[PDB]
Each structure stands twice: as C-alpha cells, then as structure tokens.
>>> print(open('start-v8.txt').read())   # compact mmCIF, C-alpha atoms
# COMPACT_ATOMS: atom_id res chain seq x y z
CA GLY A 15 0.00 0.00 0.00
CA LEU A 16 3.01 2.30 0.31
CA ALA A 17 3.80 2.62 -3.41
CA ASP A 18 0.07 3.06 -4.13
CA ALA A 19 -0.28 5.91 -1.64
CA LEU A 20 2.39 7.66 -3.70
CA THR A 21 1.11 6.85 -7.20
CA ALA A 22 -2.65 6.22 -7.12
CA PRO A 23 -5.41 8.88 -7.16
CA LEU A 24 -7.72 9.36 -4.16
CA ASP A 25 -10.39 6.64 -4.27
CA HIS A 26 -13.26 6.79 -1.76
CA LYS A 27 -13.50 2.99 -2.11
CA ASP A 28 -10.41 2.61 0.11
CA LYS A 29 -10.92 2.49 3.89
CA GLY A 30 -10.82 5.94 5.51
CA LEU A 31 -9.40 8.12 6.78
CA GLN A 32 -9.42 8.87 3.05
CA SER A 33 -6.79 11.61 3.09
CA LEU A 34 -4.78 14.02 5.23
CA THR A 35 -3.80 17.57 4.41
CA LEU A 36 -0.10 18.18 4.78
CA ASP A 37 -0.14 21.64 6.36
CA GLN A 38 2.61 21.11 8.94
CA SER A 39 4.54 18.35 7.15
CA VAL A 40 5.55 20.62 4.27
CA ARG A 41 6.63 24.17 5.00
CA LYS A 42 5.77 27.07 2.71
CA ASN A 43 8.66 27.73 0.27
CA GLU A 44 9.83 24.11 0.55
CA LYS A 45 8.93 20.72 -0.89
CA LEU A 46 8.70 17.23 0.60
CA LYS A 47 9.62 14.17 -1.46
CA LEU A 48 8.43 10.81 -0.13
CA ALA A 49 9.75 7.48 -1.47
CA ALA A 50 8.84 3.85 -0.82
CA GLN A 51 8.71 0.46 -2.49
CA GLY A 52 10.00 1.82 -5.81
CA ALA A 53 7.76 4.87 -6.04
CA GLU A 54 8.05 8.52 -5.09
CA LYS A 55 5.90 11.64 -4.92
CA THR A 56 6.63 15.31 -4.17
CA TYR A 57 4.30 17.39 -1.98
CA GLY A 58 3.86 21.11 -1.43
CA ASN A 59 2.28 22.87 1.52
CA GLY A 60 -1.44 22.05 1.66
CA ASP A 61 -1.33 19.01 -0.61
CA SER A 62 -3.15 15.87 0.48
CA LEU A 63 -1.55 12.59 1.47
CA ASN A 64 -3.48 9.52 0.23
CA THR A 65 -3.92 7.83 3.61
CA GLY A 66 -6.74 5.80 2.06
CA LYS A 67 -4.13 3.40 0.66
CA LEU A 68 -2.40 2.89 4.03
CA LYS A 69 -3.21 0.25 6.65
CA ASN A 70 -5.31 1.28 9.64
CA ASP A 71 -3.97 1.18 13.19
CA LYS A 72 -0.29 0.90 12.20
CA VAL A 73 2.61 3.23 11.43
CA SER A 74 3.39 3.47 7.70
CA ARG A 75 6.97 4.43 6.86
CA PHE A 76 8.41 6.38 3.96
CA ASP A 77 11.84 7.72 3.16
CA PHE A 78 11.72 11.54 3.00
CA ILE A 79 13.81 14.34 1.58
CA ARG A 80 12.96 17.92 2.47
CA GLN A 81 14.01 20.15 -0.41
CA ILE A 82 14.21 23.77 -1.42
CA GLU A 83 14.15 24.99 -5.03
CA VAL A 84 16.60 27.85 -5.53
CA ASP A 85 16.89 29.40 -8.99
CA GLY A 86 15.86 26.21 -10.78
CA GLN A 87 17.81 23.62 -8.77
CA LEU A 88 16.63 21.36 -5.91
CA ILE A 89 18.78 21.35 -2.76
CA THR A 90 18.34 18.68 -0.05
CA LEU A 91 17.95 20.17 3.46
CA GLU A 92 17.04 17.09 5.49
CA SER A 93 16.39 13.37 5.05
CA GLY A 94 15.14 10.41 7.08
CA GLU A 95 11.91 8.56 7.81
CA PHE A 96 8.37 9.95 7.53
CA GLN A 97 5.82 8.15 9.71
CA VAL A 98 2.04 8.12 9.30
CA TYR A 99 -0.40 6.59 11.77
CA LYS A 100 -3.86 6.06 10.24
CA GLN A 101 -7.22 5.63 11.97
CA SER A 102 -10.77 5.84 10.53
CA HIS A 103 -11.55 9.49 11.35
CA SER A 104 -8.08 10.77 12.19
CA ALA A 105 -4.41 10.52 11.24
CA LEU A 106 -1.09 12.00 12.28
CA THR A 107 2.44 12.18 10.90
CA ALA A 108 5.92 12.43 12.36
CA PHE A 109 9.54 12.84 11.19
CA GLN A 110 12.58 10.81 12.22
CA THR A 111 15.53 12.89 11.00
CA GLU A 112 18.67 10.97 9.96
CA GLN A 113 20.58 13.61 7.97
CA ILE A 114 20.68 17.37 7.72
CA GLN A 115 22.42 19.87 5.47
CA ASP A 116 25.93 20.76 6.59
CA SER A 117 25.92 24.24 8.15
CA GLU A 118 28.82 25.49 5.99
CA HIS A 119 28.69 23.58 2.67
CA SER A 120 25.22 23.43 1.10
CA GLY A 121 26.06 20.34 -0.96
CA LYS A 122 27.00 18.19 2.02
CA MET A 123 24.74 16.14 4.29
CA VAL A 124 25.66 15.23 7.87
CA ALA A 125 24.28 12.47 10.12
CA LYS A 126 21.86 13.86 12.71
CA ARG A 127 18.95 12.26 14.54
CA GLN A 128 15.85 13.89 16.00
CA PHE A 129 12.11 13.36 16.09
CA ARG A 130 9.08 15.60 15.78
CA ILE A 131 5.33 15.53 15.17
CA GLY A 132 3.94 16.65 11.84
CA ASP A 133 0.27 16.93 10.93
CA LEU A 134 -2.83 15.98 12.93
CA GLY A 135 -6.12 15.91 11.05
CA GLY A 136 -9.36 14.18 10.18
CA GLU A 137 -13.06 14.55 10.81
CA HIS A 138 -13.04 16.68 13.98
CA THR A 139 -15.96 16.19 16.38
CA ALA A 140 -17.89 19.42 16.88
CA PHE A 141 -17.82 20.61 20.49
CA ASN A 142 -21.60 21.11 20.46
CA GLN A 143 -22.28 17.66 18.99
CA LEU A 144 -20.52 15.54 21.61
CA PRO A 145 -22.16 12.23 22.64
CA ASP A 146 -23.70 11.63 26.04
CA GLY A 147 -22.11 9.01 28.27
CA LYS A 148 -18.60 7.74 28.83
CA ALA A 149 -16.19 6.23 26.30
CA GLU A 150 -13.03 4.08 26.49
CA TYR A 151 -10.23 4.46 23.92
CA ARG A 152 -7.26 2.18 23.17
CA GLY A 153 -4.44 2.70 20.72
CA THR A 154 -0.83 3.56 20.14
CA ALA A 155 1.75 5.92 21.50
CA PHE A 156 4.83 6.30 19.26
CA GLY A 157 8.12 8.12 19.70
CA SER A 158 11.60 8.08 18.19
CA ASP A 159 12.55 4.46 17.34
CA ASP A 160 9.55 3.10 19.28
CA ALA A 161 6.10 2.46 17.87
CA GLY A 162 5.19 -0.07 20.57
CA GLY A 163 3.66 2.28 23.11
CA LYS A 164 0.12 1.51 24.29
CA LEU A 165 -2.36 4.34 24.78
CA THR A 166 -5.30 4.08 27.15
CA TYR A 167 -7.77 6.99 27.42
CA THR A 168 -11.21 7.60 28.96
CA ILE A 169 -13.72 10.38 28.37
CA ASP A 170 -16.67 11.28 30.56
CA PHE A 171 -18.80 13.43 28.28
CA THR A 172 -21.20 14.23 31.09
CA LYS A 173 -18.43 15.83 33.13
CA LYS A 174 -16.60 16.85 29.96
CA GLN A 175 -13.37 15.42 31.36
CA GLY A 176 -10.73 13.04 30.00
CA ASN A 177 -7.77 11.10 31.42
CA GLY A 178 -5.53 8.16 30.52
CA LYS A 179 -2.02 6.73 30.36
CA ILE A 180 0.83 5.60 28.16
CA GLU A 181 2.46 2.22 28.75
CA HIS A 182 5.14 -0.03 27.33
CA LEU A 183 7.42 2.49 25.64
CA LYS A 184 11.02 1.22 25.89
CA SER A 185 12.15 4.39 27.64
CA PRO A 186 10.34 4.09 31.00
CA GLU A 187 10.18 7.83 31.72
CA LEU A 188 7.87 8.13 28.69
CA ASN A 189 5.21 5.89 30.23
CA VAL A 190 3.38 8.82 31.75
CA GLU A 191 -0.08 9.48 33.11
CA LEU A 192 -2.22 11.75 30.94
CA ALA A 193 -3.82 13.73 33.75
CA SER A 194 -7.53 14.55 34.04
CA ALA A 195 -8.34 17.49 31.78
CA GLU A 196 -11.35 19.44 30.49
CA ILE A 197 -12.85 19.04 27.03
CA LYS A 198 -13.04 22.51 25.47
CA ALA A 199 -13.95 24.19 22.19
CA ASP A 200 -11.25 25.00 19.63
CA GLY A 201 -11.06 28.19 17.61
CA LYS A 202 -12.65 26.10 14.88
CA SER A 203 -15.20 25.00 17.53
CA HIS A 204 -13.78 21.45 17.49
CA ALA A 205 -13.63 19.42 20.71
CA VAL A 206 -10.13 19.35 22.15
CA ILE A 207 -8.34 18.40 25.36
CA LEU A 208 -5.17 19.99 26.76
CA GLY A 209 -3.75 18.51 29.94
CA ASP A 210 -0.71 17.82 32.06
CA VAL A 211 1.46 14.77 31.75
CA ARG A 212 2.60 13.14 35.04
CA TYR A 213 5.01 10.50 36.32
CA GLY A 214 4.31 9.46 39.89
CA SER A 215 3.14 12.52 41.80
CA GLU A 216 5.00 14.97 39.57
CA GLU A 217 4.15 17.00 36.47
CA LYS A 218 6.36 16.15 33.48
CA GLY A 219 4.94 18.06 30.53
CA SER A 220 1.71 18.30 28.58
CA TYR A 221 -0.54 16.49 26.17
CA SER A 222 -3.00 17.59 23.53
CA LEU A 223 -5.77 15.52 21.97
CA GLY A 224 -8.45 16.25 19.40
CA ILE A 225 -11.67 14.26 19.38
CA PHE A 226 -12.70 12.80 16.01
CA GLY A 227 -15.70 11.12 14.39
CA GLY A 228 -19.41 11.89 14.51
CA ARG A 229 -19.71 9.90 17.75
CA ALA A 230 -16.29 10.76 19.24
CA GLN A 231 -14.94 7.42 18.06
CA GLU A 232 -11.34 8.55 18.19
CA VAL A 233 -8.76 10.69 19.90
CA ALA A 234 -5.42 11.73 18.41
CA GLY A 235 -2.72 14.27 19.11
CA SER A 236 0.55 14.21 20.98
CA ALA A 237 2.45 14.59 24.27
CA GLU A 238 5.64 16.40 25.28
CA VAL A 239 7.63 14.84 28.11
CA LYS A 240 10.38 16.82 29.79
CA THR A 241 13.60 14.84 30.32
CA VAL A 242 17.18 15.69 31.19
CA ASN A 243 17.95 15.19 27.45
CA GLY A 244 15.38 17.22 27.04
CA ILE A 245 11.85 17.31 25.44
CA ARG A 246 10.53 14.04 24.01
CA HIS A 247 7.63 14.06 21.54
CA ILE A 248 5.13 11.20 21.45
CA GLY A 249 2.42 10.72 18.83
CA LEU A 250 -0.95 9.54 20.16
CA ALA A 251 -3.92 7.84 18.51
CA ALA A 252 -6.69 5.70 19.99
CA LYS A 253 -10.19 4.51 19.16
CA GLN A 254 -13.25 2.95 20.75
CA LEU A 255 -13.51 -0.88 20.63
>>> encode(input="start-v8.txt", output="structure tokens")
Amino acid sequence: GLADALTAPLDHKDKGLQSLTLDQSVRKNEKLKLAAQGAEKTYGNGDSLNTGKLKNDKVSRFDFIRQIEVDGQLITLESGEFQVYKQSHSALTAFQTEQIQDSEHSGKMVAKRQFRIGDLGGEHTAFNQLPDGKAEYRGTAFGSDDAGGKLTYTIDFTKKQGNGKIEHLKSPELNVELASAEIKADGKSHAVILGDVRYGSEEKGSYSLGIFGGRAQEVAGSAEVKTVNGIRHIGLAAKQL
C-alpha cells in the first residue's frame, strides 16, 4: 500500500481516513519528497496525502527528503523517515531525521537524529455535537525508534473530562499518566483536550488531543515529556472498541 499511496489517485472505495492535508509536514517555500517500495511523490504545503491506501492502526513508513528549489535547482535540506499513523476518522504524521544539510557547505549532508510531530487531522468532532455518556479508547503511542507504546484513554462526556495513560514504551520515563483534563472548544469549535502529563506525583509536561468522528470514536494528538535530554515528543492515537 506504500507505493500506491504515492502513485494512485484518491479513491473513496479505500478504507478511511481517506486523506490528510499536509499543512505542517511541508513548509511554505519548501517541498517534501516521499519514497517507498520503488515509487516517489513530491508534496507542497497544503497538498493531500493519500492515507486511504495505508493500513489502519499501524505506522506506515516512507523515506523523505525535504528540499528547497533555488533558482531552478533542488537542494536537499534534510532526510530520514516519515511516519504516518492512520485511523478511521483521524491521522497524524511524524519525522525521524537521519541527515541534515551541513551548516557550511550546502552540498554536504551530515548524520543527525531527531524526532518531531507533523500533521494531525481528520473529521473533527464538533464541540456542540458531543455524545452523552462515557467512552473508552485504546491505541498507540509512538516516539523516536519506538512504535510499541500503548495508549489508554477515557472520556466522561457528562463531566466533559478526560484522562488516561501511556504504557510499554522502551524508555520508561515516557510511560506517563495523561492527567484529568477538560474538554473545550477550539477556535474552529472542534472538541479538544489539553492537559498535564505526570510520572508518579510529579508534572512532566503536557498532552494535547483532538476528538474525532461523529460519535467521538477517536482521539489523536501528541504529548511532550520533559527529560534531562530534554523534550521528548510522542504521537498519540486511539479509538473505541
């Protein structure tokens, strides 16, 4: 499904989420080239990724090159692995950097590793159309070199509160509690949750989730965990059973 995501047109026959707009994953004035399984495609800011072709509830992986066109020619600025986690009403992306442009010689690349979240999108649940009871979510938490995290989350729509936890990441300090937090209305009037992240009794950062699907089937977003090495980013996506 990787080559097809790069070569085939959007087809509503494929399982949703059908597509994802790459607003954050491609910066204005730059281009993003993805390659996998013998195919490639280049994206500009605002283009859509064909997530329809990707498998649900798993991380799909592409090689990426972030490029800039300067007076006709394409210069590589960064390369590595582009990750996409697909659910039915939501999706998110992330970047594992492996190389960056040398700071002095534009034509040279230098080994360098780092990790960051890209886009989060899908069919946002309207704040004023939230369901009634309580809901349980289960899914994935993924960070640099580790897609084996397990996300547990619970929403009480009556109290408009959510809370949960991350387990099983290889780095134990990343297995944090996602502390109780209020469901609020976005600037786009979408339902969102912003909360603290905790380990033991202590605050360790923050998390941010959007609620997706007509019936709040899904949550997705990310967490930042403060560490002595220092901030670690974790992608988050879960769904009702």
>>> atom_distance(input="start-v8.txt", atom1="atom CA of residue 53 of chain A", atom2="atom CA of residue 26 of chain A")
21.5 Å
>>> closest_atom_pairs(input="start-v8.txt", of="segment 143-218 of chain A", to="segment 89-101 of chain A", cutoff="12 Å", atoms="all atoms listed in the file", output="tab-separated table")
residue	atom	partner	partner_atom	distance
A:152	CA	A:101	CA	11.7
A:153	CA	A:101	CA	9.6
A:154	CA	A:99	CA	8.9
A:155	CA	A:99	CA	10.0
A:156	CA	A:99	CA	9.1
A:157	CA	A:97	CA	10.3
A:158	CA	A:97	CA	10.3
A:159	CA	A:95	CA	10.4
A:160	CA	A:97	CA	11.4
A:161	CA	A:99	CA	9.8
>>> write_last_selection(input="start-v8.txt", atoms="C-alpha atoms", output="mmCIF file, in the frame of the given file")
data_model
loop_
_atom_site.group_PDB
_atom_site.id
_atom_site.type_symbol
_atom_site.label_atom_id
_atom_site.label_comp_id
_atom_site.auth_asym_id
_atom_site.auth_seq_id
_atom_site.Cartn_x
_atom_site.Cartn_y
_atom_site.Cartn_z
ATOM 1 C CA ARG A 152 -7.260 2.180 23.170
ATOM 2 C CA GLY A 153 -4.440 2.700 20.720
ATOM 3 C CA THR A 154 -0.830 3.560 20.140
ATOM 4 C CA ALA A 155 1.750 5.920 21.500
ATOM 5 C CA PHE A 156 4.830 6.300 19.260
ATOM 6 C CA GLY A 157 8.120 8.120 19.700
ATOM 7 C CA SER A 158 11.600 8.080 18.190
ATOM 8 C CA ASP A 159 12.550 4.460 17.340
ATOM 9 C CA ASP A 160 9.550 3.100 19.280
ATOM 10 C CA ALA A 161 6.100 2.460 17.870
#
>>> atom_distance(input="start-v8.txt", atom1="atom CA of residue 227 of chain A", atom2="atom CA of residue 137 of chain A")
5.6 Å
>>> atom_distance(input="start-v8.txt", atom1="atom CA of residue 151 of chain A", atom2="atom CA of residue 19 of chain A")
27.5 Å
>>> closest_residue(input="start-v8.txt", among="A:44, A:218, A:248, A:123", to="residue 183 of chain A", atoms="only C-alpha atoms")
A:248
>>> residues_around(input="start-v8.txt", residues="residue 182 of chain A", least_positions_apart="6", cutoff="7 Å", atoms="all atoms listed in the file", output="ChimeraX atom specification")
/A:162-164,189
>>> closest_residue(input="start-v8.txt", among="A:180, A:140, A:255, A:68", to="residue 201 of chain A", atoms="all atoms listed in the file")
A:140
>>> residues_near_point(input="start-v8.txt", point="(-1.5, 10.5, 30.0)", cutoff="12 Å", atoms="only C-alpha atoms", output="PyMOL selection string")
chain A and resi 155+163-168+176-181+188-195+207-214+217-223+235-239+248-250
>>> decode(input="start-v8.txt", residues="segment 191-211 of chain A", atoms="N, CA and C atoms", output="tab-separated table (two decimals), in the first residue's frame")
chain	number	residue	atom	x	y	z
A	191	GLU	N	1.35	9.27	32.95
A	191	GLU	CA	-0.08	9.48	33.11
A	191	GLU	C	-0.50	10.72	32.33
A	192	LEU	N	-1.59	10.60	31.58
A	192	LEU	CA	-2.22	11.75	30.94
A	192	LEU	C	-3.31	12.25	31.89
A	193	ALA	N	-3.01	13.32	32.61
A	193	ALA	CA	-3.82	13.73	33.75
A	193	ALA	C	-5.22	14.21	33.36
A	194	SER	N	-6.17	14.07	34.28
A	194	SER	CA	-7.53	14.55	34.04
A	194	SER	C	-7.52	15.96	33.47
A	195	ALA	N	-8.31	16.18	32.41
A	195	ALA	CA	-8.34	17.49	31.78
A	195	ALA	C	-9.70	17.75	31.16
A	196	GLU	N	-10.05	19.03	31.01
A	196	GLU	CA	-11.35	19.44	30.49
A	196	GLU	C	-11.41	19.37	28.97
A	197	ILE	N	-12.56	18.96	28.46
A	197	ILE	CA	-12.85	19.04	27.03
A	197	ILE	C	-13.35	20.45	26.73
A	198	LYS	N	-12.71	21.13	25.79
A	198	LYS	CA	-13.04	22.51	25.47
A	198	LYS	C	-13.27	22.69	23.98
A	199	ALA	N	-13.73	23.88	23.59
A	199	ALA	CA	-13.95	24.19	22.19
A	199	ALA	C	-12.77	24.94	21.57
A	200	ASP	N	-12.29	24.40	20.46
A	200	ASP	CA	-11.25	25.00	19.63
A	200	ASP	C	-11.65	26.38	19.11
A	201	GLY	N	-10.75	26.98	18.35
A	201	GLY	CA	-11.06	28.19	17.61
A	201	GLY	C	-11.91	27.86	16.40
A	202	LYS	N	-11.80	26.61	15.94
A	202	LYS	CA	-12.65	26.10	14.88
A	202	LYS	C	-13.90	25.43	15.46
A	203	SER	N	-14.12	25.64	16.76
A	203	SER	CA	-15.20	25.00	17.53
A	203	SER	C	-15.18	23.46	17.53
A	204	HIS	N	-13.99	22.89	17.35
A	204	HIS	CA	-13.78	21.45	17.49
A	204	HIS	C	-13.51	21.07	18.95
A	205	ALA	N	-13.86	19.85	19.33
A	205	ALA	CA	-13.63	19.42	20.71
A	205	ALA	C	-12.17	19.05	20.89
A	206	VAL	N	-11.54	19.61	21.91
A	206	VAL	CA	-10.13	19.35	22.15
A	206	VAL	C	-9.85	19.21	23.65
A	207	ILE	N	-8.76	18.53	23.98
A	207	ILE	CA	-8.34	18.40	25.36
A	207	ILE	C	-6.86	18.77	25.47
A	208	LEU	N	-6.55	19.65	26.43
A	208	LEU	CA	-5.17	19.99	26.76
A	208	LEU	C	-4.95	19.72	28.25
A	209	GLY	N	-3.95	18.92	28.57
A	209	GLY	CA	-3.75	18.51	29.94
A	209	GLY	C	-2.29	18.37	30.31
A	210	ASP	N	-2.05	18.03	31.57
A	210	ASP	CA	-0.71	17.82	32.06
A	210	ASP	C	-0.34	16.36	31.89
A	211	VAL	N	0.95	16.12	31.79
A	211	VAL	CA	1.46	14.77	31.75
A	211	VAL	C	2.14	14.60	33.11
